[PDB]
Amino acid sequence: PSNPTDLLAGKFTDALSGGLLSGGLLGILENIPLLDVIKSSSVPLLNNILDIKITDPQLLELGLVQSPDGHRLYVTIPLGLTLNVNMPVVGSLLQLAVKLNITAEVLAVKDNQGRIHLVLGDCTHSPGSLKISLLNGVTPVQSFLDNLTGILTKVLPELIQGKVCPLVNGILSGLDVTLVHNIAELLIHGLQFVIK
């Protein structure tokens, strides 16, 4: 397998992605109170929205890049989900496919007792990775309900990142101490291991 550090990236992305699902990521996404965050010239639109249900939450394969000085990792956490908008004037259940990436920077740091840990630094959604598309068959939608997509663009990334970033932090603190130690030693000495 040499060089065995080649495997660390995959192990890290496995443990993190596993941690996310073990920690209830999908249900957490499903239970965001989107229509209430949005409620509490839009009053018409908003008044014609019976409810919103979030279904088919998805975690995609994680991306990982190591910084050029070797001290930091950047994890790309790609998410998908479907918004089910009950809006009767529309004639049908309105479905929106959502995509969003969260970027989490991972750092190594030693504690007051000398123990080394992986910790979350910056954590925030990736500019321009939010995608909201109305599911209408093989024919795309143009200029229908742009206001709804606009409000969603304003609220949805922030809700999602406010749920996902704390979850990532907790997972980091609970990782396998052996994996933590090996990766953190690499990071703290600025040593490259993630293959681009």
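Residue numbers run from 1 along the displayed sequence.
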Unresolved deposited positions lying between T139 and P140 come to none
Higher-B stretch (mean Cα B-factor, as the entry records it), 42-50 or 66-74: 42-50
Assert higher mean C-alpha B factor (79-87 or 98-106, deposited values) equals 79-87
Per the entry, which of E61, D56, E158, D36 tops the list for Cα B factor? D36
Residue with maximal Cα B-factor (values as given in the PDB entry) among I32, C165, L130, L135: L135
Third assignment of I151 from its chain's C-alpha B-factors: middle
